[PDB]
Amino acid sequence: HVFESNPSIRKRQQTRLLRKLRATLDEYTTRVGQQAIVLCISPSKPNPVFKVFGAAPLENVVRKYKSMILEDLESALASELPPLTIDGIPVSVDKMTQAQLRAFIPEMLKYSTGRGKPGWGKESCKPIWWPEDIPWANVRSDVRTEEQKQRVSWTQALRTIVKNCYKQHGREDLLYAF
């Protein structure tokens, strides 16, 4: 998507998306039975909008933090690939489990190639950085030769897939968490 430069269209979209956020969140909080809120902010003068909606009592709890969150936010304000984080927490590539790597790699691929679907098994879709000793095949199930498995554990091969991608894009800053 793109920022909507026309304000009339921007207010139309805001209304549509905010409302869709409310309906999706209401479905989430009821069906999952979990406290969750959406928080939207604009520090525009002279009255910044601090809009919270979702589950009670989380909604009123978060509202009490308007002044502090607004303060802290003005302040933070003072080749793309995902950061090495699983659920908002940073992980070393060497810290990720096989299960974390199997989930991380298809997301990484989307960023690296631009494709929503990787096209496993089609050589025309294989990235240039794909490791030479790993078949271009769904990481769902290791299909390497049995001697390949003796040399390199599957967890280590999966880490190599990730390391090759970040280095190919020159994103050591993300891989090593500078």
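From 1 onward, residues are counted along the sequence shown.
According to the entry, the deposited sequence places 10 or more unmodelled residues between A78 and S79. With 36-44 and 138-146 compared on mean CA B-factor from the PDB entry, the stretch scoring higher is 36-44. Taking the mean C-alpha B-factor of each stretch as recorded, 85-93 and 99-107 are not equal, and the higher mean is that of 85-93. The PDB entry assigns its highest CA temperature factor, among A56, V49, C125, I128, to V49.
The PDB entry assigns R31 a C-alpha temperature factor belonging to the middle third of its chain's modelled residues.
Ranked by C-alpha B-factor against the other modelled residues of its chain, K117 falls in the lowest third. For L21, the recorded CA B-factor ranks within the middle third of the chain. Only modelled residues enter the ranking.
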